[PDB]
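Only one chain is shown below, in structure tokens, and it's the form deposited in one PDB entry.
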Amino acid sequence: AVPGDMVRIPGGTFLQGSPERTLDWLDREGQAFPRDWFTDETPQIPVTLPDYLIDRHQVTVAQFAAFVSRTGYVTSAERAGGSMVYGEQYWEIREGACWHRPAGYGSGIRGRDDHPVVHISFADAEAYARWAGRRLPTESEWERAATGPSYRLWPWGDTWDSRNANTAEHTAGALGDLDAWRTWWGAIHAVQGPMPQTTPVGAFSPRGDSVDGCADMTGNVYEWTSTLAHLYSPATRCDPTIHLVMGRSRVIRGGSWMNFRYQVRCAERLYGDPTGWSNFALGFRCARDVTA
């Protein structure tokens, strides 16, 4: 019935999105991003779902390599010659970056095959799920699995704990101030062959886990959903760059090792170009109906 590597999310009706008092609170917690960077989570909406299955972990390097080994699959990033990595200053195209060269030519997996696979395009993700006899999760399925049957900021509750997940809150906390974290980000990314900052799937289990058992629904890597970017209501108004991708980008969830706490909440929405774009911080996990 239920594959040992998935968990059953019980059917029910939940409130998708984030309430006004949460947005107010993001205003007040000295967050850079203005209010209209979070309004795409609003208004909350009643979403009804059946029981459904979702992977416990993100797809690992090792699992994707089995897919590639058996099928010969070639990823978008390999056909293009490159993929995106965040450099010293901004996002950059890195020649040779792909799932097995996560920092480009001169890098490799180096025994980190229990980490989530990255440089996965939307089509790379859909193809692996087909092969596995599964699919991507919808955004609704993803958020439900993350927040639980009632609303909460992070999968473990409403109180932040940098020890519960792979985010930049841990690393900045360890370096002592936000100055020292910027100075660090400099010194590592200055060529210096950037050490990967992903973590093995399930490394922060069980403390970081969601109520239903999903691991790493916070931080580590961004995750594709199958959902086409859409507003929760026709009157929602966000930053123009967000309307620009409405109706064409696919929703990306969960934040990444690079994010701080406000960009890795259960309800946070990101968006990605589904036509052969990928980056070194973006992977996925699968879902499935209870009955294929």
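The numbering used is simple: start at 1 and walk along the sequence shown.
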Entry B factor averaged over C-alpha atoms, 207-215 against 185-193: higher for 185-193
Quick one: higher average CA temperature factor, 118-126 or 174-182? 174-182
Residue set 154, 90, 99, 142, per-entry CA B-factor max assigned to 90
Lowest, middle or highest third - CA B-factor, residue 284: lowest
Residue 72's Cα B-factor: lowest, middle or highest third of the chain? highest
Temperature factor at the Cα of residue 39, chain-ranked in thirds, falls in the highest
Name the third of the chain's ranked CA B-factors that contains residue 268, choosing lowest, middle or highest. lowest
By the recorded C-alpha temperature factor, relative to the other modelled residues in its chain, which third is residue 30 in? highest
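This next part talks about the form deposited with a partner chain bound, which is not shown.
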So in the bound PDB entry, is the partner chain close enough to residue 16 to count as touching (4.5 Å, heavy atoms)? no
Heavy atoms within 4.5 Å of the partner chain in the bound PDB entry: does residue 273 have any? yes
Find out whether any non-hydrogen atom of residue 252 is located within 4.5 angstroms of the partner chain in the bound PDB entry, and reply yes or no. yes
Any of the heavy atoms of residue 122 lying within 4.5 Å of the partner chain in the bound PDB entry? no
Assert contact residue (the partner chain, in the bound PDB entry, non-hydrogen atom within 4.5 Å, options 105, 91, 131, 184) equals 91
Candidate from 48, 241, 233, 69 lying within 4.5 Å of the partner chain in the bound PDB entry - any heavy atom: 241
